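Here you get one chain, nothing else, as structure tokens; it is the form deposited in one PDB entry.
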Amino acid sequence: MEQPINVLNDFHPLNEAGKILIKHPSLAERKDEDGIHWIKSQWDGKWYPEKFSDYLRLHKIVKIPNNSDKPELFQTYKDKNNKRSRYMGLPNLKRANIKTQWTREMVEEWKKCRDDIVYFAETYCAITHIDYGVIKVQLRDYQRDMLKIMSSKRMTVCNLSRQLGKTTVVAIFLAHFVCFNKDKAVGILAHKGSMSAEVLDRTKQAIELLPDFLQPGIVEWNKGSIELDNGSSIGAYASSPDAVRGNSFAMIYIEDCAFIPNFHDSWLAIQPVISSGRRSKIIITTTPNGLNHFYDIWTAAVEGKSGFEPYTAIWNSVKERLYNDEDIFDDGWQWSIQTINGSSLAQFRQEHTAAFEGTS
């Protein structure tokens, strides 16, 4: 008699010791509904089609309609043929302080966007599909959750894994913040100034695609900063105490925090910003880098010893990873095995499970 009767013959590197971190897909619940077979994921308790083709089939592909002829259709309208209303002859950008008359429906739609960030994202924001092109973005569950937390909490710290598409959500969040709030100065901080310029560029792209009624008039449009007619702005900087002390930000966004050398002095300088009577917002996102400064920030948040709300999302947040090479749902069994085998458990734990190398 070899291994017992009812013991699965498939093993996974992640279950390297008595601890089952990933359950075999054959043990999951299954059901038939809507004419197809479904399997329940162990990661979120949600149902997924057995076939990747159906997973793709069930997603809506809607292009961002190009409408520059019918104002009545204000939701998709952008007056780019009339370069008089344009900024620097730019067809996608709206000109500042331009007197415009609105209808009742337009005011309500604008308010709806101001108060429902998720609705704003999936109705007026996009991503570039490989073959379909520029279409409206359908947020991943973690992106929807992240957007909601960043908007509802004054300070948020996100411990994320790599390649989750987080820049897309950050861009939408910043675009939303400056478009629906007045006189708010936003500062983007990163290890290198070039990194912050990239975040700013992604945010500029989102604003550019917005219809006339949602897009604020453009006052300034540089590679290092922008200013809108509502008085809000965004600037890209290299993290340092001087960058923090040198401006009065309503919001500071820090990119890849755990990989910023000597961040401690920047963190120190941010304490007065946090405790200021102006109630500034602070958003931090990063993947782990051992037991350094970020580990301390994260731990305080998780233990409730700071004003920061913690948020985390790991590798299984990207659902395409839950289908194998034969386009069959396997809850990420194969993807994780190949990723670990192609690197190592240590690298996978840090890079994809958001674990802190600096062991407990």
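Definition used throughout: the rigid core is the maximal C-alpha set that superposes within 1.5 Å between two forms. All residue numbers refer to positions in the sequence shown, first residue = 1.
From this point on, the text means the form deposited in another entry, which you will not see here.
Legend entry - Position with Cα shift of 2 Å or more, rigid core superposed between the shown form and the other one, options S248, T128, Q271, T167: Among the listed residues, the outlier is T128.
Legend entry - Pairwise C-alpha change, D131 versus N92, in that other deposited form against this form - closer or farther, 3 angstroms or more: Relative to this form, closer in that other deposited form.
Inset, instruction - Classify the change in Cα distance between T128 and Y55 in that other deposited form as closer or farther, relative to the shown form (magnitude of 3 Å or more). - result: Pair moves farther apart in that other deposited form.
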